[PDB]
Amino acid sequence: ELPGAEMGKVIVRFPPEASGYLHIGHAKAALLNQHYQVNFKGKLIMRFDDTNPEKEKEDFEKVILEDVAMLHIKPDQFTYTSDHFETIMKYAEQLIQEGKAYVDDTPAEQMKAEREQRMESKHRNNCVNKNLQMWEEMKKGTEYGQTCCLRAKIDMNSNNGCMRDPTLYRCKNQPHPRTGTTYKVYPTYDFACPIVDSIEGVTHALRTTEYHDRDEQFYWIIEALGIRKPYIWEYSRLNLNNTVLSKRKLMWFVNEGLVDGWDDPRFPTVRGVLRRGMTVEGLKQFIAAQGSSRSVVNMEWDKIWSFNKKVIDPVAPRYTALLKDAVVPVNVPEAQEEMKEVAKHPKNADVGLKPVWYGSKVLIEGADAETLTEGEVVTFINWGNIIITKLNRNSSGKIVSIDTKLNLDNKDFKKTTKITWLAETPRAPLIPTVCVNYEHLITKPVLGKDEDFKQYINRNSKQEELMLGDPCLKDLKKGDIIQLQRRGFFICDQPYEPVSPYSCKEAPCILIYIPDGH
């Protein structure tokens, strides 16, 4: 919950940077923000942080709006940091004119040295007029202004590095995507953020606990300017095992070709994670269950998948896929070709019915075949009890064929083995399907500090298996979540396509295994 929060009067913002793709960490922040917006009937600002005309591009902006849409997040307002450039500049000039900010031409590396050694720069005590003259050089973009930055005059002696006169503004002759060349001077995030949260009316600024040092800085700027003070609510950063979240680390997988790209189902981007079979609601319930916790736990991926498994289980239709290579033909001579409709779901009659086809020519898993004995009563799922009569083997002792007798008046289902099966009939041809299983990209769950993820790359993180699918799979569409009986939950990544005139082959239904929490 939120201190200082009133119904209808909460205002939160999600302020990504459009430097790349949203990942599950950004997903948490956006969903936590949305949670407070919905539960308090407040407003959610989606603010592009475009303080930097060099770290953003129009390219990731669109990406980011799609990711937010995919999370079913509907911001009430869309703003940019650049929308307030004018006002931010004026607050900088206010601080200069009050001795609270000065301009420094000290080269950056020396500047970080002195900042490191609690050493005041030569400029800290400049009179207002000399500061205003150097500030003029940055505004005009002169080559001398370009080496100058505006610093806040706080405390070079603070334990809080973030308080040792932080840079508020820099001079970049760069043209800006939305403001063009109006400004040769650009505020830092540290400086822009408290101001824009105050302007836009933000009552609760959610930051990850890793920003905690900057809260002191945040509030100094607010007070030094004397403006609306937003409340900072701190939630724990998402630490997932076997997982890295840094763009520079994720990028290495892309560049090394270990991964398909940013929407790869092994990536923790929201794109990849949804492709993997995570649902928004499963994500939404996981965030809500731990809410605003400040303890930075090492989260296990399984704990999210268990929340997801609860969401898809009640509604995912059940279908059958058999491992193509090992399938064993079964003779059911008494059976006639017919079709009956049968429940798609074992506990929720809402999901509806599927057609099942029966006939004398049937296929079962080789793994199941090798566990059968002659004279055993076996339940063929959605059919009934069938007596195994002959197990036909070849010269090597491999079952190559199974003969059966129907036993459908025997309605005893207590101790029978219950196996999946598919009929071979031209009236309902089997659908070629590929099952894809993904593993983690990093084999070590928790990296200690000073440890390099590149030593624990999983080089076998994708496996594909060729299946004979349920005829109903031909109508799956990308995104449909289903259950392969006795195998698990799967999401359709690519649908089946009928024989092409150009390639003379079908395209298989591609199903990705959805981790369930075990």
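One rule holds for the numbers: they count along the sequence shown, beginning at 1.
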Per the record, averaged over C-alpha atoms, which has the higher B-factor: 267 to 275 or 228 to 236? 228 to 236
Entry-level comparison of average CA B-factors, 239 to 247 and 169 to 177, reporting the higher stretch: 169 to 177
Per the entry, which of 39, 463, 483, 458 tops the list for Cα B factor? 39
Highest CA B factor of 340, 318, 324, 112, as deposited, is found at 112
Can you work out whether the C-alpha temperature factor of residue 153 puts it in the lowest, middle or highest third of the chain? highest
Comparing residue 24 with the other modelled residues of its chain, is its CA B-factor in the lowest, middle or highest third? lowest
Compare the C-alpha B factor of residue 301 with those of the other modelled residues in its chain, then answer lowest, middle or highest third. middle
On the chain's distribution of Cα B-factors, residue 443 falls within the third called lowest
CA B-factor ranking of residue 309, expressed as a third of its chain: lowest
